[PDB]
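Enquirer: If it helps, the file is called entry.pdb and holds PDB, C-alpha atoms:
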```pdb
ATOM      1  CA  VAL B 395      93.425  88.276 119.895
ATOM      2  CA  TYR B 396      91.617  91.085 118.071
ATOM      3  CA  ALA B 397      88.668  90.434 115.757
ATOM      4  CA  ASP B 398      86.976  92.993 113.502
ATOM      5  CA  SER B 399      83.780  92.383 111.527
ATOM      6  CA  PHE B 400      81.994  94.389 108.823
ATOM      7  CA  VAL B 401      80.394  94.018 105.377
ATOM      8  CA  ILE B 402      81.774  95.022 101.966
ATOM      9  CA  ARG B 403      80.874  94.597  98.306
ATOM     10  CA  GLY B 404      81.962  91.763  96.043
ATOM     11  CA  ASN B 405      84.637  93.647  94.101
ATOM     12  CA  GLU B 406      86.292  94.835  97.343
ATOM     13  CA  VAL B 407      86.455  91.465  99.126
ATOM     14  CA  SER B 408      90.148  91.167  98.194
ATOM     15  CA  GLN B 409      90.775  94.907  98.616
ATOM     16  CA  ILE B 410      91.488  94.689 102.365
ATOM     17  CA  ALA B 411      95.115  93.520 102.349
ATOM     18  CA  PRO B 412      98.566  94.991 103.061
ATOM     19  CA  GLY B 413      99.918  97.057 100.188
ATOM     20  CA  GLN B 414      96.476  97.537  98.634
ATOM     21  CA  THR B 415      95.174 100.911  97.471
ATOM     22  CA  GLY B 416      91.669 102.203  96.830
ATOM     23  CA  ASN B 417      88.666 103.612  98.664
ATOM     24  CA  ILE B 418      87.895 101.049 101.377
ATOM     25  CA  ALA B 419      91.473  99.866 101.924
ATOM     26  CA  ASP B 420      92.648 103.456 102.494
ATOM     27  CA  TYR B 421      89.728 105.604 103.711
ATOM     28  CA  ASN B 422      87.730 103.188 105.909
ATOM     29  CA  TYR B 423      89.963 100.216 106.824
ATOM     30  CA  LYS B 424      93.705  99.776 106.247
ATOM     31  CA  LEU B 425      95.929  96.868 107.297
ATOM     32  CA  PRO B 426      99.586  97.517 108.175
ATOM     33  CA  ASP B 427     102.146  95.856 105.938
ATOM     34  CA  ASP B 428     103.417  93.823 108.917
ATOM     35  CA  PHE B 429      99.943  92.717 110.053
ATOM     36  CA  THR B 430      99.786  89.185 111.467
ATOM     37  CA  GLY B 431      96.535  87.265 111.231
ATOM     38  CA  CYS B 432      94.059  86.810 108.419
ATOM     39  CA  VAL B 433      90.630  87.724 107.090
ATOM     40  CA  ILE B 434      87.464  85.642 106.784
ATOM     41  CA  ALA B 435      84.994  86.511 104.031
ATOM     42  CA  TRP B 436      81.757  84.867 102.926
ATOM     43  CA  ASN B 437      78.686  85.854 100.944
ATOM     44  CA  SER B 438      75.623  87.132 102.813
ATOM     45  CA  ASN B 439      73.408  87.911  99.824
ATOM     46  CA  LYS B 440      70.553  85.767 101.163
ATOM     47  CA  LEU B 441      70.283  87.732 104.424
ATOM     48  CA  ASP B 442      71.522  91.251 103.587
ATOM     49  CA  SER B 443      69.167  91.659 100.630
TER      50      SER B 443
ATOM     51  CA  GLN X 493     101.542  81.406  98.002
ATOM     52  CA  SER X 494     102.522  84.814  96.663
ATOM     53  CA  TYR X 495     105.756  86.286  98.041
ATOM     54  CA  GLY X 496     105.770  89.652  96.317
ATOM     55  CA  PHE X 497     108.043  92.517  97.293
ATOM     56  CA  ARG X 498     107.515  96.268  97.509
ATOM     57  CA  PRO X 499     110.346  98.828  97.549
ATOM     58  CA  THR X 500     108.330 100.818 100.102
ATOM     59  CA  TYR X 501     108.608  97.854 102.490
ATOM     60  CA  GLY X 502     110.852  98.600 105.455
ATOM     61  CA  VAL X 503     113.487  96.527 107.199
ATOM     62  CA  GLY X 504     112.419  92.978 107.992
ATOM     63  CA  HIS X 505     110.475  92.723 104.725
ATOM     64  CA  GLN X 506     112.989  93.701 102.034
ATOM     65  CA  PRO X 507     114.313  90.874  99.840
ATOM     66  CA  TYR X 508     117.569  89.320 101.036
ATOM     67  CA  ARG X 509     119.501  87.282  98.479
ATOM     68  CA  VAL X 510     121.222  84.528 100.453
ATOM     69  CA  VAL X 511     123.873  82.037  99.348
ATOM     70  CA  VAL X 512     125.053  79.283 101.700
ATOM     71  CA  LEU X 513     128.414  77.538 101.426
ATOM     72  CA  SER X 514     128.427  73.961 102.714
ATOM     73  CA  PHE X 515     131.816  72.349 103.300
ATOM     74  CA  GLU X 516     132.602  68.674 103.866
ATOM     75  CA  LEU X 517     136.240  68.832 104.927
ATOM     76  CA  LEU X 518     136.989  65.235 105.893
ATOM     77  CA  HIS X 519     139.487  62.427 105.393
ATOM     78  CA  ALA X 520     138.982  62.109 101.643
ATOM     79  CA  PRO X 521     140.783  63.189  98.452
ATOM     80  CA  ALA X 522     140.926  66.968  98.179
ATOM     81  CA  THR X 523     139.443  68.766  95.182
ATOM     82  CA  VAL X 524     139.075  72.398  96.316
ATOM     83  CA  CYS X 525     142.134  74.042  97.853
ATOM     84  CA  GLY X 526     143.355  77.539  98.559
ATOM     85  CA  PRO X 527     146.117  79.558  96.907
ATOM     86  CA  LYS X 528     149.027  77.864  98.697
ATOM     87  CA  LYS X 529     152.088  77.277  96.530
ATOM     88  CA  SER X 530     153.289  73.681  96.612
ATOM     89  CA  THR X 531     156.897  73.321  97.743
ATOM     90  CA  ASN X 532     159.314  70.471  97.122
ATOM     91  CA  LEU X 533     158.891  67.275  99.128
ATOM     92  CA  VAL X 534     161.574  66.337 101.660
ATOM     93  CA  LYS X 535     162.074  62.972 103.346
ATOM     94  CA  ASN X 536     163.744  61.733 106.536
ATOM     95  CA  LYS X 537     163.912  65.230 108.033
ATOM     96  CA  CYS X 538     161.611  66.933 110.515
ATOM     97  CA  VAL X 539     159.331  69.427 108.753
ATOM     98  CA  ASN X 540     155.984  71.159 109.276
ATOM     99  CA  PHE X 541     153.801  69.395 106.732
TER     100      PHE X 541
END
```
Show me, as structure tokens, the structure contained in the file I just sent.
Expert:
Amino acid sequence: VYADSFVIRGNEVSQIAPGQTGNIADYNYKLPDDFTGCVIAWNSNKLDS
Amino acid sequence: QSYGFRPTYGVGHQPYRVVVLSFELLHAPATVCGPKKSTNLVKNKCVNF
């Protein structure tokens, strides 16, 4: 099992997915099209403000 | 959930149109038959029916 954690903006929460294109999904973090597993995302505006 | 397809997807992810044929050949009246010409019917003589 591999787990990776980070923080991203609101408009890019759905950007990290196979077949997606953009800045974060291509230049910082890209998933392979055959990736198995899934992503967990939740708001942290109270703490990271 | 979404089952989209990309042409850039490699083998194991390309769409595969599949049709299954289910037969029920059993002791019942026949409706679907092949292209076998029907011959005359003979009685009281050994034949390969």
Enquirer: List the spatial neighbours of stretch 413-429 of chain B as number ranges by chain - criterion: any atom at most 12 Å away, all atoms listed in the file, same-chain residues fewer than 6 positions off excluded.
Expert: B: 396, 398-403, 405-407; X: 496-506
Enquirer: If I take atom CA of residue B:410 and atom CA of residue X:508, how far is one from the other in Å, to one decimal?
Expert: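 That distance, rounded to one decimal, is 26.7 Å.
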Enquirer: Rounded to one decimal, what separation in Å do you get between atom CA of residue X:507 and atom CA of residue X:494?
Expert: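 Pair atom CA of residue X:507 / atom CA of residue X:494 returns 13.6 Å.
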Enquirer: Atom CA of residue X:530 and atom CA of residue X:515, how far apart in Å?
Expert: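 Atom-to-atom, atom CA of residue X:515 and atom CA of residue X:530 are spaced 22.5 Å apart.
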Enquirer: Since the input lacks atoms, please generate N, CA and C atoms for stretch 493-526 of chain X and provide them as a compact mmCIF listing (two decimals), in the frame of the given file.
Expert:
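Heads up, here's the output in selection-v7.txt:
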```txt
# COMPACT_ATOMS: atom_id res chain seq x y z
N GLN X 493 102.35 80.20 98.11
CA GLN X 493 101.54 81.41 98.00
C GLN X 493 102.44 82.58 97.62
N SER X 494 101.80 83.67 97.21
CA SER X 494 102.52 84.81 96.66
C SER X 494 103.48 85.42 97.69
N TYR X 495 104.69 85.72 97.23
CA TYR X 495 105.76 86.29 98.04
C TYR X 495 106.30 87.55 97.38
N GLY X 496 105.38 88.43 96.99
CA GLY X 496 105.77 89.65 96.32
C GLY X 496 106.53 90.60 97.22
N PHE X 497 107.20 91.56 96.59
CA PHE X 497 108.04 92.52 97.29
C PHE X 497 107.71 93.93 96.84
N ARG X 498 107.71 94.86 97.80
CA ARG X 498 107.52 96.27 97.51
C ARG X 498 108.75 97.04 97.94
N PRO X 499 109.23 97.97 97.11
CA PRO X 499 110.35 98.83 97.55
C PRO X 499 110.01 99.65 98.78
N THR X 500 108.75 100.05 98.93
CA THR X 500 108.33 100.82 100.10
C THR X 500 108.36 100.00 101.39
N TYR X 501 108.50 98.68 101.29
CA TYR X 501 108.61 97.85 102.49
C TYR X 501 109.88 98.20 103.26
N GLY X 502 109.75 98.27 104.58
CA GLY X 502 110.85 98.60 105.46
C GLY X 502 111.71 97.40 105.79
N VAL X 503 112.60 97.60 106.77
CA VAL X 503 113.49 96.53 107.20
C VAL X 503 112.66 95.39 107.79
N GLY X 504 113.15 94.16 107.60
CA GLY X 504 112.42 92.98 107.99
C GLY X 504 111.50 92.43 106.92
N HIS X 505 111.30 93.17 105.83
CA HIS X 505 110.48 92.72 104.72
C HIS X 505 111.15 92.88 103.37
N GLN X 506 112.28 93.57 103.29
CA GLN X 506 112.99 93.70 102.03
C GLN X 506 113.56 92.35 101.61
N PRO X 507 113.69 92.12 100.30
CA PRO X 507 114.31 90.87 99.84
C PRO X 507 115.77 90.80 100.27
N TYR X 508 116.22 89.57 100.53
CA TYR X 508 117.57 89.32 101.04
C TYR X 508 118.12 88.12 100.28
N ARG X 509 118.91 88.38 99.24
CA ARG X 509 119.50 87.28 98.48
C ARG X 509 120.55 86.60 99.33
N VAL X 510 120.39 85.29 99.54
CA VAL X 510 121.22 84.53 100.45
C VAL X 510 121.84 83.36 99.70
N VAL X 511 123.15 83.19 99.86
CA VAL X 511 123.87 82.04 99.35
C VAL X 511 124.58 81.37 100.52
N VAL X 512 124.43 80.06 100.64
CA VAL X 512 125.05 79.28 101.70
C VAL X 512 126.19 78.47 101.09
N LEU X 513 127.30 78.38 101.81
CA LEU X 513 128.41 77.54 101.43
C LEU X 513 128.51 76.38 102.41
N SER X 514 128.35 75.16 101.90
CA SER X 514 128.43 73.96 102.71
C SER X 514 129.72 73.23 102.41
N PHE X 515 130.55 73.04 103.43
CA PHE X 515 131.82 72.35 103.30
C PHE X 515 131.69 70.95 103.88
N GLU X 516 132.56 70.06 103.41
CA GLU X 516 132.60 68.67 103.87
C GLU X 516 134.04 68.25 104.11
N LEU X 517 134.83 69.14 104.71
CA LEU X 517 136.24 68.83 104.93
C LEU X 517 136.37 67.59 105.80
N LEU X 518 136.89 66.52 105.22
CA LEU X 518 136.99 65.24 105.89
C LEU X 518 138.12 64.45 105.25
N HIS X 519 138.38 63.28 105.82
CA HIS X 519 139.49 62.43 105.39
C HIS X 519 139.11 61.77 104.07
N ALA X 520 139.35 62.51 102.99
CA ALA X 520 138.98 62.11 101.64
C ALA X 520 139.85 62.89 100.67
N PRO X 521 139.97 62.44 99.42
CA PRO X 521 140.78 63.19 98.45
C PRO X 521 140.29 64.62 98.31
N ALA X 522 141.24 65.55 98.22
CA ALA X 522 140.93 66.97 98.18
C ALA X 522 140.77 67.43 96.74
N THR X 523 139.71 68.20 96.50
CA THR X 523 139.44 68.77 95.18
C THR X 523 139.52 70.28 95.17
N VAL X 524 139.05 70.95 96.22
CA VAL X 524 139.07 72.40 96.32
C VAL X 524 140.11 72.78 97.36
N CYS X 525 141.06 73.63 96.96
CA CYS X 525 142.13 74.04 97.85
C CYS X 525 142.39 75.52 97.65
N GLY X 526 143.06 76.13 98.62
CA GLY X 526 143.35 77.54 98.56
C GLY X 526 144.57 77.83 97.71
```
